[PDB]
């Protein structure tokens, strides 16, 4: 009941995407469609990974149409309940907007509430880099996004929900953190988080 009391006191809930809202990892899927899974600072790491992948717009389009991500059981109902209670829901990912916006659309989360990296493409579609000015393009991006949300909307209780260390580290500035191990349990998070769940239903009180 304590967990649910906390969860329900939130006026904004930010969800990590990879391994939390969806079962897979966006960049991992993109690597597969481009045929570089075997060959496969945050910003420096991101550049390196994309340097090998070099995804074209057509390839990203393929991923979206051919291999949509699988929403974690219970997330559709959980977000539905949150929205019916007017809780503002956000998606934050070190992944990419083109992919995350599709997950957002399935959950009725407006694109304005999605914070992720943006891939760049040349006129012919070839990989041209990514928007390095995005908060999610650097280490601690999730916390930076939450700080911006707090400064813009003045939420009184913003909670971060995610499976990894980067999510746990988003609190502060988040007011609370709820670890999620429904897809994969990251033990370091489970052992240190004050709140931790393995099924979104547990929040469906």
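Residue numbers count along the first chain shown, from 1.
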{"item": "Residue 52-residue 53 interval: deposited residues absent from the model", "value": "none"}
{"item": "Higher-B stretch (mean Cα B-factor, as the entry records it), 86-94 or 100-108", "value": "100-108"}
{"item": "20-28 or 177-185, whichever carries the higher mean Cα B-factor", "value": "20-28"}
{"item": "Per the PDB entry, maximal CA B factor within 145, 168, 159, 40", "value": "40"}
{"item": "Relative C-alpha B-factor of residue 164, binned into the chain's lowest, middle or highest third", "value": "lowest"}
{"item": "Ranked C-alpha temperature factor of residue 117 among modelled chain residues, by third", "value": "middle"}
{"item": "Residue 68 by Cα B-factor - lowest, middle or highest third of the modelled chain", "value": "middle"}
{"item": "Relative C-alpha B-factor of residue 35, binned into the chain's lowest, middle or highest third", "value": "highest"}
